[PDB]
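Reading through the structure tokens given below for one structure.
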Amino acid sequence: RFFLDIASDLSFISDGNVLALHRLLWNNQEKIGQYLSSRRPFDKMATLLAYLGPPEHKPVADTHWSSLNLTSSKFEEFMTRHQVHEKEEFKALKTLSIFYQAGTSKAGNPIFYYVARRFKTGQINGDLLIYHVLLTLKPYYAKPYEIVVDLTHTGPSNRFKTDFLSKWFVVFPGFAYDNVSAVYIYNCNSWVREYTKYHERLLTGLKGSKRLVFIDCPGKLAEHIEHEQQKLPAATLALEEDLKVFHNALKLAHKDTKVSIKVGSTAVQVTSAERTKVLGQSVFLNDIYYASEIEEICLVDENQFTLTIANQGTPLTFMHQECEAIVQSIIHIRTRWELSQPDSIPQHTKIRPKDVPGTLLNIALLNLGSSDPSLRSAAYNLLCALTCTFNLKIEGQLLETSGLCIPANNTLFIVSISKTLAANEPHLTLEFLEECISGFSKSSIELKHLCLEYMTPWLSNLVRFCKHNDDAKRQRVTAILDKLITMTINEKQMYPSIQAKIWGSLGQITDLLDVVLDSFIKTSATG
Amino acid sequence: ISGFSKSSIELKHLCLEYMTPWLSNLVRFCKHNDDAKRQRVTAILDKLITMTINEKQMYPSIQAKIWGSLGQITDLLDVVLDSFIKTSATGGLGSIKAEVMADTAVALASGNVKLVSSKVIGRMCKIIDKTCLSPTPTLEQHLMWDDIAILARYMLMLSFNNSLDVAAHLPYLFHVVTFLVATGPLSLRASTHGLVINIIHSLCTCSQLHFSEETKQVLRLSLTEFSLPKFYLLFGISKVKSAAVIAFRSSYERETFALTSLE
Amino acid sequence: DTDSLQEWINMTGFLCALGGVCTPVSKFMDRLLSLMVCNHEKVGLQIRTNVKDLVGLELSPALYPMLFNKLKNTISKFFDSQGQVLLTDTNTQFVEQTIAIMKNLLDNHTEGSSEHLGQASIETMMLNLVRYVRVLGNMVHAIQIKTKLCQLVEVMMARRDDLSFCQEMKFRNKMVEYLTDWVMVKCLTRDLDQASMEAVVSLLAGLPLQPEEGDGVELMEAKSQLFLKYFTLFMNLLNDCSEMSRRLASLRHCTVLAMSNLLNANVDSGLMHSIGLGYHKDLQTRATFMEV
Ligand SMILES: Nc1nc2c(ncn2[C@@H]2O[C@H](COP(=O)(O)OP(=O)(O)OP(O)(O)=S)[C@@H](O)[C@H]2O)c(=O)[nH]1
């Protein structure tokens, strides 16, 4: 009858559990395909898995729509559906001033100015770039329009990745490509020529294109766009003004070429005096080197010297009758920039809250047991917020309110919270334990005992991240044990409690023992 | 206890560690015909209280190992907690002794919840009820007022996560609140407000009761409406932005009462 | 003679009232701008006072365009050459009147907001204003001018939805850089700092930090540098506050909001320099960050 009584009668999981599911799917992809064949389901899963990739192998900062279907209609509905119009990064990219509409051509076509150098190689930079181009270009690609590609100072930092470069030729409609009346390519350099030499295949539609008008002299732009309709960037124009011109220059390379050197107060522009082939057309190249990029300045002789630029294998060898005047002209402004520039500053890793769940749990739980009741209230607010937004499974034991009076002796509550999290969410133990060890050294005594008391439920999860296929993770495990040795040695106080809790719980778990003893052997030998 | 004063901290932890098995046999030495041993037992408990209030560094280890162990055994509890009352009668309210005793109250009940909560609410009910035999116009001038005050603090620290068991002791717990709405100084009124908030908070955030969803919705609404300043003025607390801040303000009667607010 | 002044202010207010019907109106407005600094003996004082009232409070909203432009031109002549300013007492009195004029004109907030917006680029006007006031010096009257400018900036941030700028974020960023030099007689000095704090708070509301355009190491590096500078200045201020108690309490309360806004804007370049005071010694900082 007792068994008869019992027998008769919206939530999104965390990232790590989905990641484990994704691992289980990907590692057994072919076999689940065979069993599902024993039809739309396997297919849907198949493309989905591909869109995701094989299991995590990349920084989540980087995510890219792939090309398995790559249809314009989809891309637009995806961007409109999630309201990418509203995100602050889009307004930031508008502030970067790339691909801004400006002016109307002599043929009556509005003109779009793409500045290549303001772009840095990166994923969100690229995809927000292409969606910004699609949004700005959208009123106007139904009609004929013209574009100007400013290629000043473009280096490998401004390149398009091959997959990203393939995106530009598929996501726009055909009449968007067809309405392009003319493409004015301005200040093309040798690096762009190299980039085209690596990428003739995708740029074969531009190969020999008469719509590519190369503005090899700045006055040639006045032949197609009125100067009042010209709105090129101010630094680009300042690159042309007050230039100290030295003709009869030669670049000594594998191929020695005829160039001219124009030295301006911020930079050095070497303009090729002989035409070379880019995209099927013979042009005058001009390589631009900022004063901030010059590495070493020296004079081999009055008729010949070598100039060293940063991130170059070899210095460029320059032969001219006036090499000495060029060297002094470069070196004066370069040294006054050297005086003008500030010193080096060390910089830290970019931190965004959705990739640091461990540190925020530590700053919450540690302060939850502090003395000041206001601090306990604030800690309760963060603990509720973290358990809400990051979608950890807490089984509904948290709720936010104002006016809650928290006792000073709430350590059982903290331990219950940490144990429930260690049960329902094991994927952040490494950063959590590491930050807990780090916050130990900067904590008060009662807080130190608290830190021990809520870190001890997590230690049983180290079996999962030990002996894993990735060796970096078991390396992290051994490193954590190294800091545990370090804190045991350094803190002579709490030493019975430290041994009672940390090593006491550690010894109780078989199959984790061997790495612990091996660490013991290597660290006892040390000293 | 005598030797615990002079040893070092590393020795002190182990000193705790071997006294803690012996405390269970005090139930043997209580309830005997000779009460000289009983007064000595109370003196020992006074020494434990003295060491708890005297020491700051090993305070959490003390609170766990001694007091949570005493909370395990049923029979000692009363003659333990009664002593606390005299301890809380000792000295003054809003002092170090009173506050650390308020914290030690929940450490006592952490090991065993239902029985300790039962004892505390039973003594609140009895000290309320005994005022009838010596009636006074107001509770503040009554002689057993302090036991009303002191145990009130005990209910504040013991209401965070069902430390006062809400699943079975809600009627008595509401009844005390009704009899203590806006009586006494600012601290006790703010403590009463915090008690009400913690009662509702633990009422919704516990898996023992397994309520329905709509019930959780209306309780969530009720918590918000008690957070309103209108209910501050109902509870007698005015001009104070945060009740939780002045609930503990000593660490860091002029307004009349109207029965419609009680309604 | 006070009767003559009575009908004089009467006609001045009447003309200011019916300029909306509408050029001679520009000549009328130029005569007003000349008469703001009318320093004639025995009348000019009350004259300018009355002027500060009328164009302050009763100017027709459709006459809002012209006035702004004319003032701009006047302060464009205030700068001697190339951003350098020339200091005359007449210019000082012009500035002092002008501040209260836009203060009242903004704060009235009557109907007719559209007639305020479609034409007005008060961006350059205020930029010139703060650039002249910053070089005034440090003394009692100068402090009074500075703090009045601070309430003006607070107001025109409060009305940011109505107005229009050519580049809003660059303007606000330049305003922040100009204002935060003023953070550090004393009673006044503390009052100046007090008002400057809500000025900076109102400026920081949803402001992505833009580095001043040099060549730059990169956008992210200089954004980190500006974040570090502003954050260190605010932490120094709050550390001085951590030790007139109501004044310090309000100063703490607004500096907390400054941290909250400045972190809420640039989280990307911003957690990495201020996740390490979640273990801070003072519990006030720890609590503040701990709800931020
Ligand atoms: N990697 C990658 N992901 C894509 C691509 N297109 C869409 N996605 C992602 O996958 C989702 C679409 O999955 P998909 O299988 O195409 O469903 P669908 O759009 O309904 O199309 P269907 O043909 O399967 S019925 C989108 O929401 C987006 O997240 C693509 O080209 N590459």
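To be explicit about the labels: the chains of the structure tokens are called A, B, and onward in the order shown, and within each one the residues are counted from 1, while ligands get numbers from 1 in the order they are shown.
Around ligand 1, the neighbouring residues within 9 Å, taking only C-alpha atoms and all ligand atoms, come to residues 40, 43, 44, 45, 46, 47, 48, 49, 50, 51, 52, 53, 63, 64, 65, 66, 67, 68, 69, 70, 71, 74, 75 and 78 of chain A.
Residues with any atom within 12 Å of residue 233 in chain B, counting only C-alpha atoms and excluding same-chain neighbours fewer than 5 positions away, are residues 181, 182, 189, 190, 193, 226, 227, 228, 238, 239, 240, 241, 243, 255, 256, 257, 258, 261 and 262 of chain B.
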Worksheet item: What's the 10 Å shell around residue 1 in chain B, counting only C-alpha atoms, without same-chain residues fewer than 5 positions away, as a PyMOL selection string?
Response: chain B and resi 6+15-16+19+44+47-48+51
Save the residues we just selected, N, CA, C and O atoms, as a short mmCIF file (atom, residue, chain, number, x, y, z; two decimals), in the first residue's frame?
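As a result, out18.cif now contains:
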data_model
loop_
_atom_site.label_atom_id
_atom_site.label_comp_id
_atom_site.auth_asym_id
_atom_site.auth_seq_id
_atom_site.Cartn_x
_atom_site.Cartn_y
_atom_site.Cartn_z
N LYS B 6 46.18 29.46 28.52
CA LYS B 6 47.61 29.72 28.40
C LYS B 6 48.26 29.10 27.18
O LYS B 6 49.37 29.51 26.83
N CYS B 15 43.18 21.53 21.47
CA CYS B 15 42.52 21.54 22.77
C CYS B 15 41.01 21.44 22.61
O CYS B 15 40.37 20.61 23.26
N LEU B 16 40.45 22.26 21.70
CA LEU B 16 39.08 22.05 21.22
C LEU B 16 38.86 20.62 20.79
O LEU B 16 37.83 20.00 21.11
N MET B 19 38.47 18.27 23.69
CA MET B 19 37.40 18.46 24.67
C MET B 19 36.07 18.07 24.07
O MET B 19 35.18 17.62 24.80
N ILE B 44 30.68 25.82 34.46
CA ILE B 44 31.44 25.41 33.29
C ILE B 44 30.89 26.07 32.04
O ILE B 44 31.64 26.61 31.22
N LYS B 47 32.00 29.45 31.87
CA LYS B 47 33.38 29.54 31.39
C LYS B 47 33.45 29.43 29.87
O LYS B 47 34.24 30.14 29.24
N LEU B 48 32.67 28.53 29.28
CA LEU B 48 32.65 28.42 27.82
C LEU B 48 32.17 29.71 27.18
O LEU B 48 32.75 30.18 26.19
N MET B 51 34.92 32.24 27.36
CA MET B 51 35.99 32.08 26.39
C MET B 51 35.52 32.47 25.00
O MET B 51 36.28 33.06 24.22
#
At most 10 Å is the cut-off: for each residue in chain A with any atom that close to an atom of chain C, write down the nearest atom pair and the distance in Å rounded to one decimal, counting only C-alpha atoms, chain first then increasing number, as JSON lines.
{"residue": "A:88", "atom": "CA", "partner": "C:208", "partner_atom": "CA", "distance": 8.6}
{"residue": "A:89", "atom": "CA", "partner": "C:208", "partner_atom": "CA", "distance": 9.8}
{"residue": "A:91", "atom": "CA", "partner": "C:208", "partner_atom": "CA", "distance": 9.4}
{"residue": "A:92", "atom": "CA", "partner": "C:208", "partner_atom": "CA", "distance": 7.8}
{"residue": "A:95", "atom": "CA", "partner": "C:210", "partner_atom": "CA", "distance": 8.6}
{"residue": "A:96", "atom": "CA", "partner": "C:219", "partner_atom": "CA", "distance": 9.1}
{"residue": "A:118", "atom": "CA", "partner": "C:218", "partner_atom": "CA", "distance": 9.6}
{"residue": "A:120", "atom": "CA", "partner": "C:218", "partner_atom": "CA", "distance": 9.0}
{"residue": "A:235", "atom": "CA", "partner": "C:215", "partner_atom": "CA", "distance": 9.2}
{"residue": "A:266", "atom": "CA", "partner": "C:215", "partner_atom": "CA", "distance": 9.3}
{"residue": "A:290", "atom": "CA", "partner": "C:215", "partner_atom": "CA", "distance": 9.0}
{"residue": "A:291", "atom": "CA", "partner": "C:215", "partner_atom": "CA", "distance": 9.8}
{"residue": "A:292", "atom": "CA", "partner": "C:215", "partner_atom": "CA", "distance": 8.3}
{"residue": "A:341", "atom": "CA", "partner": "C:216", "partner_atom": "CA", "distance": 9.9}
{"residue": "A:345", "atom": "CA", "partner": "C:225", "partner_atom": "CA", "distance": 8.9}
{"residue": "A:346", "atom": "CA", "partner": "C:221", "partner_atom": "CA", "distance": 9.8}
{"residue": "A:347", "atom": "CA", "partner": "C:221", "partner_atom": "CA", "distance": 7.6}
{"residue": "A:348", "atom": "CA", "partner": "C:272", "partner_atom": "CA", "distance": 6.6}
{"residue": "A:349", "atom": "CA", "partner": "C:272", "partner_atom": "CA", "distance": 6.8}
{"residue": "A:350", "atom": "CA", "partner": "C:272", "partner_atom": "CA", "distance": 6.2}
{"residue": "A:351", "atom": "CA", "partner": "C:272", "partner_atom": "CA", "distance": 5.3}
{"residue": "A:352", "atom": "CA", "partner": "C:268", "partner_atom": "CA", "distance": 5.5}
{"residue": "A:353", "atom": "CA", "partner": "C:271", "partner_atom": "CA", "distance": 7.9}
{"residue": "A:359", "atom": "CA", "partner": "C:275", "partner_atom": "CA", "distance": 8.7}
{"residue": "A:360", "atom": "CA", "partner": "C:275", "partner_atom": "CA", "distance": 8.9}
{"residue": "A:362", "atom": "CA", "partner": "C:278", "partner_atom": "CA", "distance": 9.4}
{"residue": "A:363", "atom": "CA", "partner": "C:278", "partner_atom": "CA", "distance": 6.0}
{"residue": "A:364", "atom": "CA", "partner": "C:290", "partner_atom": "CA", "distance": 8.1}
{"residue": "A:366", "atom": "CA", "partner": "C:279", "partner_atom": "CA", "distance": 9.1}
{"residue": "A:367", "atom": "CA", "partner": "C:279", "partner_atom": "CA", "distance": 8.5}
{"residue": "A:370", "atom": "CA", "partner": "C:283", "partner_atom": "CA", "distance": 9.4}
{"residue": "A:371", "atom": "CA", "partner": "C:283", "partner_atom": "CA", "distance": 9.6}
{"residue": "A:372", "atom": "CA", "partner": "C:283", "partner_atom": "CA", "distance": 7.9}
{"residue": "A:374", "atom": "CA", "partner": "C:287", "partner_atom": "CA", "distance": 7.2}
{"residue": "A:375", "atom": "CA", "partner": "C:287", "partner_atom": "CA", "distance": 5.2}
{"residue": "A:376", "atom": "CA", "partner": "C:287", "partner_atom": "CA", "distance": 8.6}
{"residue": "A:377", "atom": "CA", "partner": "C:287", "partner_atom": "CA", "distance": 8.8}
{"residue": "A:378", "atom": "CA", "partner": "C:291", "partner_atom": "CA", "distance": 5.6}
{"residue": "A:379", "atom": "CA", "partner": "C:290", "partner_atom": "CA", "distance": 6.6}
{"residue": "A:380", "atom": "CA", "partner": "C:291", "partner_atom": "CA", "distance": 9.6}
{"residue": "A:381", "atom": "CA", "partner": "C:291", "partner_atom": "CA", "distance": 7.1}
{"residue": "A:382", "atom": "CA", "partner": "C:291", "partner_atom": "CA", "distance": 6.9}
{"residue": "A:439", "atom": "CA", "partner": "C:279", "partner_atom": "CA", "distance": 7.4}
{"residue": "A:442", "atom": "CA", "partner": "C:279", "partner_atom": "CA", "distance": 7.2}
{"residue": "A:443", "atom": "CA", "partner": "C:279", "partner_atom": "CA", "distance": 7.8}
{"residue": "A:444", "atom": "CA", "partner": "C:281", "partner_atom": "CA", "distance": 10.0}
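Using only C-alpha atoms, the shortest contact distance between chain A and any of B:129, B:213, B:34, B:146 is found at B:213.
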Worksheet item: Near chain A, which residues of chain B fall within 8 Å when you count only C-alpha atoms, and what do they look like as a PyMOL selection string?
Response: chain B and resi 9-10+13-14+57-60+103-104+106-107+110+156-158+160-161+194-195+197-198+201+205-207+223-224+227+242-245+247-248
Discussion item. With only C-alpha atoms as the counted atoms, please give the residues lying no more than 12 Å from residue 137 in chain C, apart from itself and same-chain residues fewer than 4 positions off, as a PyMOL selection string.
Written reply: chain C and resi 87+92+131-133+141-146+182
Same residues, N, CA and C atoms, saved as a short mmCIF file (atom, residue, chain, number, x, y, z; two decimals), in the first residue's frame:
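Listed below is the output, result38.cif:
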data_model
loop_
_atom_site.label_atom_id
_atom_site.label_comp_id
_atom_site.auth_asym_id
_atom_site.auth_seq_id
_atom_site.Cartn_x
_atom_site.Cartn_y
_atom_site.Cartn_z
N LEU C 87 41.75 87.79 -22.29
CA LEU C 87 40.95 87.99 -21.09
C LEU C 87 40.68 89.48 -20.90
N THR C 92 34.49 88.74 -19.52
CA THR C 92 34.10 87.99 -18.33
C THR C 92 32.64 88.23 -17.98
N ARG C 131 36.58 76.40 -22.58
CA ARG C 131 37.98 76.67 -22.87
C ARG C 131 38.37 78.05 -22.36
N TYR C 132 37.43 78.99 -22.34
CA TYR C 132 37.74 80.29 -21.75
C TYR C 132 37.73 80.22 -20.24
N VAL C 133 36.80 79.46 -19.66
CA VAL C 133 36.65 79.44 -18.21
C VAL C 133 37.82 78.71 -17.56
N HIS C 141 35.47 84.68 -7.51
CA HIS C 141 34.56 84.92 -8.61
C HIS C 141 34.75 83.88 -9.70
N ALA C 142 36.00 83.49 -9.94
CA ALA C 142 36.28 82.44 -10.91
C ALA C 142 35.66 81.12 -10.50
N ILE C 143 35.72 80.79 -9.20
CA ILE C 143 35.10 79.57 -8.70
C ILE C 143 33.59 79.62 -8.92
N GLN C 144 32.98 80.78 -8.67
CA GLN C 144 31.55 80.93 -8.88
C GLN C 144 31.18 80.72 -10.35
N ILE C 145 31.97 81.30 -11.25
CA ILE C 145 31.75 81.11 -12.68
C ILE C 145 31.85 79.63 -13.05
N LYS C 146 32.87 78.96 -12.51
CA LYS C 146 33.10 77.56 -12.83
C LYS C 146 31.94 76.69 -12.37
N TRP C 182 39.14 69.87 -13.09
CA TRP C 182 38.68 70.74 -12.01
C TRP C 182 38.44 70.01 -10.70
#
Item to complete: Determine, counting only C-alpha atoms, which protein, DNA and RNA residues have an atom within 10 Å of an atom of residue 153 in chain B; residues of the same chain fewer than 6 positions away are not included. Present the result as a VMD selection string.
Response: chain B and resid 98 to 99 101 to 103 105 187 to 188 191 to 192 195 247
How would the residues just chosen look if you wrote them out with N, CA, C and O atoms as a PDB file, in the first residue's frame?
ATOM      1  N   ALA B  98      26.054  40.858  23.957  1.00  0.00           N
ATOM      2  CA  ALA B  98      24.739  40.604  23.386  1.00  0.00           C
ATOM      3  C   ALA B  98      24.839  40.208  21.919  1.00  0.00           C
ATOM      4  O   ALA B  98      24.189  39.253  21.475  1.00  0.00           O
ATOM      5  N   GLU B  99      25.679  40.910  21.156  1.00  0.00           N
ATOM      6  CA  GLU B  99      25.750  40.630  19.727  1.00  0.00           C
ATOM      7  C   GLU B  99      26.407  39.282  19.454  1.00  0.00           C
ATOM      8  O   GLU B  99      25.900  38.503  18.634  1.00  0.00           O
ATOM      9  N   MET B 101      26.419  36.810  21.394  1.00  0.00           N
ATOM     10  CA  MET B 101      25.479  35.791  21.815  1.00  0.00           C
ATOM     11  C   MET B 101      24.402  35.587  20.767  1.00  0.00           C
ATOM     12  O   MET B 101      23.950  34.457  20.531  1.00  0.00           O
ATOM     13  N   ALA B 102      24.005  36.674  20.105  1.00  0.00           N
ATOM     14  CA  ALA B 102      23.051  36.572  19.010  1.00  0.00           C
ATOM     15  C   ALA B 102      23.613  35.726  17.874  1.00  0.00           C
ATOM     16  O   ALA B 102      22.893  34.920  17.274  1.00  0.00           O
ATOM     17  N   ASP B 103      24.903  35.886  17.568  1.00  0.00           N
ATOM     18  CA  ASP B 103      25.481  35.029  16.532  1.00  0.00           C
ATOM     19  C   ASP B 103      25.605  33.585  17.001  1.00  0.00           C
ATOM     20  O   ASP B 103      25.356  32.660  16.225  1.00  0.00           O
ATOM     21  N   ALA B 105      23.732  31.985  18.887  1.00  0.00           N
ATOM     22  CA  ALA B 105      22.421  31.351  18.898  1.00  0.00           C
ATOM     23  C   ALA B 105      22.187  30.500  17.652  1.00  0.00           C
ATOM     24  O   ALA B 105      21.674  29.380  17.753  1.00  0.00           O
ATOM     25  N   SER B 187      15.568  49.899  17.279  1.00  0.00           N
ATOM     26  CA  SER B 187      16.263  48.662  16.952  1.00  0.00           C
ATOM     27  C   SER B 187      15.311  47.479  16.934  1.00  0.00           C
ATOM     28  O   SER B 187      15.365  46.650  16.022  1.00  0.00           O
ATOM     29  N   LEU B 188      14.413  47.397  17.912  1.00  0.00           N
ATOM     30  CA  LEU B 188      13.531  46.240  17.980  1.00  0.00           C
ATOM     31  C   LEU B 188      12.466  46.301  16.890  1.00  0.00           C
ATOM     32  O   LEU B 188      12.077  45.267  16.342  1.00  0.00           O
ATOM     33  N   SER B 191      14.177  45.282  13.797  1.00  0.00           N
ATOM     34  CA  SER B 191      14.393  43.846  13.875  1.00  0.00           C
ATOM     35  C   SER B 191      13.117  43.082  13.571  1.00  0.00           C
ATOM     36  O   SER B 191      13.158  42.024  12.939  1.00  0.00           O
ATOM     37  N   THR B 192      11.973  43.606  14.007  1.00  0.00           N
ATOM     38  CA  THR B 192      10.701  42.977  13.679  1.00  0.00           C
ATOM     39  C   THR B 192      10.441  43.018  12.182  1.00  0.00           C
ATOM     40  O   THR B 192       9.963  42.036  11.594  1.00  0.00           O
ATOM     41  N   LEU B 195      12.566  40.529  10.575  1.00  0.00           N
ATOM     42  CA  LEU B 195      12.008  39.216  10.854  1.00  0.00           C
ATOM     43  C   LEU B 195      10.905  38.871   9.874  1.00  0.00           C
ATOM     44  O   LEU B 195      10.869  37.756   9.347  1.00  0.00           O
ATOM     45  N   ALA B 247      19.219  47.734  11.931  1.00  0.00           N
ATOM     46  CA  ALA B 247      19.015  46.536  12.736  1.00  0.00           C
ATOM     47  C   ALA B 247      20.285  46.159  13.482  1.00  0.00           C
ATOM     48  O   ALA B 247      20.229  45.541  14.551  1.00  0.00           O
TER      49      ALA B 247
END
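The gap separating CA of residue 457 in chain A from CA of residue 21 in chain A is 24.5 Å, in Å to one decimal.
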Discussion item. DSSP on the backbone, helix (DSSP H, G or I) only: what residues of range 30-268 of chain C does that give? Format it as number ranges by chain.
Written reply: C: 30-36, 44-57, 61-76, 89-107, 114-117, 123-134, 140-158, 168-182, 186-204, 219-242, 245-265
Worksheet entry | Residue neighbourhood residue 195 in chain C, 12 Å, only C-alpha atoms, exclusion window fewer than 6 positions, as an MDAnalysis selection string | chainID C and resid 143:144 146:155 179:180 182:183 188:189 201:202 247 250:251 254:255
May I have the selected residues written with N, CA and C atoms, as a compact mmCIF listing (two decimals), in the first residue's frame?
# COMPACT_ATOMS: atom_id res chain seq x y z
N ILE C 143 35.72 80.79 -9.20
CA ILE C 143 35.10 79.57 -8.70
C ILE C 143 33.59 79.62 -8.92
N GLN C 144 32.98 80.78 -8.67
CA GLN C 144 31.55 80.93 -8.88
C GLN C 144 31.18 80.72 -10.35
N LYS C 146 32.87 78.96 -12.51
CA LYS C 146 33.10 77.56 -12.83
C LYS C 146 31.94 76.69 -12.37
N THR C 147 31.44 76.93 -11.16
CA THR C 147 30.38 76.07 -10.67
C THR C 147 29.06 76.34 -11.39
N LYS C 148 28.80 77.60 -11.77
CA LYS C 148 27.62 77.89 -12.58
C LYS C 148 27.68 77.16 -13.92
N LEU C 149 28.87 77.13 -14.51
CA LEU C 149 29.06 76.35 -15.73
C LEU C 149 28.78 74.88 -15.49
N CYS C 150 29.13 74.38 -14.31
CA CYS C 150 28.85 72.98 -13.99
C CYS C 150 27.35 72.70 -13.94
N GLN C 151 26.55 73.57 -13.30
CA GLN C 151 25.11 73.30 -13.35
C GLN C 151 24.57 73.41 -14.77
N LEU C 152 25.15 74.30 -15.58
CA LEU C 152 24.67 74.44 -16.95
C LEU C 152 24.89 73.15 -17.72
N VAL C 153 26.06 72.55 -17.54
CA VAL C 153 26.37 71.30 -18.23
C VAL C 153 25.45 70.19 -17.75
N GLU C 154 25.16 70.18 -16.44
CA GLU C 154 24.24 69.19 -15.89
C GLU C 154 22.87 69.31 -16.53
N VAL C 155 22.37 70.53 -16.67
CA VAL C 155 21.05 70.75 -17.27
C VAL C 155 21.03 70.27 -18.71
N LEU C 179 36.43 68.78 -17.92
CA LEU C 179 35.86 68.99 -16.60
C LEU C 179 36.68 68.32 -15.51
N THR C 180 37.23 67.14 -15.78
CA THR C 180 37.87 66.39 -14.71
C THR C 180 39.21 66.98 -14.28
N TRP C 182 39.14 69.87 -13.09
CA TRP C 182 38.68 70.74 -12.01
C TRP C 182 38.44 70.01 -10.70
N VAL C 183 38.63 68.69 -10.66
CA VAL C 183 38.23 67.91 -9.49
C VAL C 183 39.07 68.28 -8.28
N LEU C 188 34.20 76.80 -0.83
CA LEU C 188 33.78 76.92 -2.24
C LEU C 188 34.45 75.79 -3.00
N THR C 189 35.75 75.70 -2.87
CA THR C 189 36.44 74.68 -3.65
C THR C 189 35.73 73.34 -3.53
N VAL C 201 29.04 62.93 -13.82
CA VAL C 201 28.15 61.77 -13.82
C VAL C 201 27.16 61.86 -14.97
N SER C 202 26.57 63.04 -15.16
CA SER C 202 25.64 63.24 -16.26
C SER C 202 26.33 63.11 -17.61
N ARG C 247 28.34 66.39 3.37
CA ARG C 247 28.97 66.75 2.11
C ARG C 247 29.80 65.60 1.57
N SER C 250 27.40 62.79 0.32
CA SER C 250 26.90 63.06 -1.02
C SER C 250 27.99 62.87 -2.07
N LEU C 251 29.22 63.29 -1.74
CA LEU C 251 30.35 63.12 -2.65
C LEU C 251 30.61 61.64 -2.93
N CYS C 254 27.65 60.22 -5.23
CA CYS C 254 27.74 60.52 -6.65
C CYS C 254 28.96 59.88 -7.30
N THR C 255 30.07 59.75 -6.56
CA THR C 255 31.25 59.09 -7.14
C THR C 255 30.97 57.61 -7.39
Item to complete: Compile the contact shell of residue 164 in chain C as a ChimeraX atom specification: residues with an atom at most 12 Å away, counting only C-alpha atoms, same-chain residues fewer than 4 positions apart removed.
Response: /C:113-123,156-157,159-160,168-169,171
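Atom to atom, CA of residue 422 in chain A and CA of residue 210 in chain B stand 23.2 Å apart.
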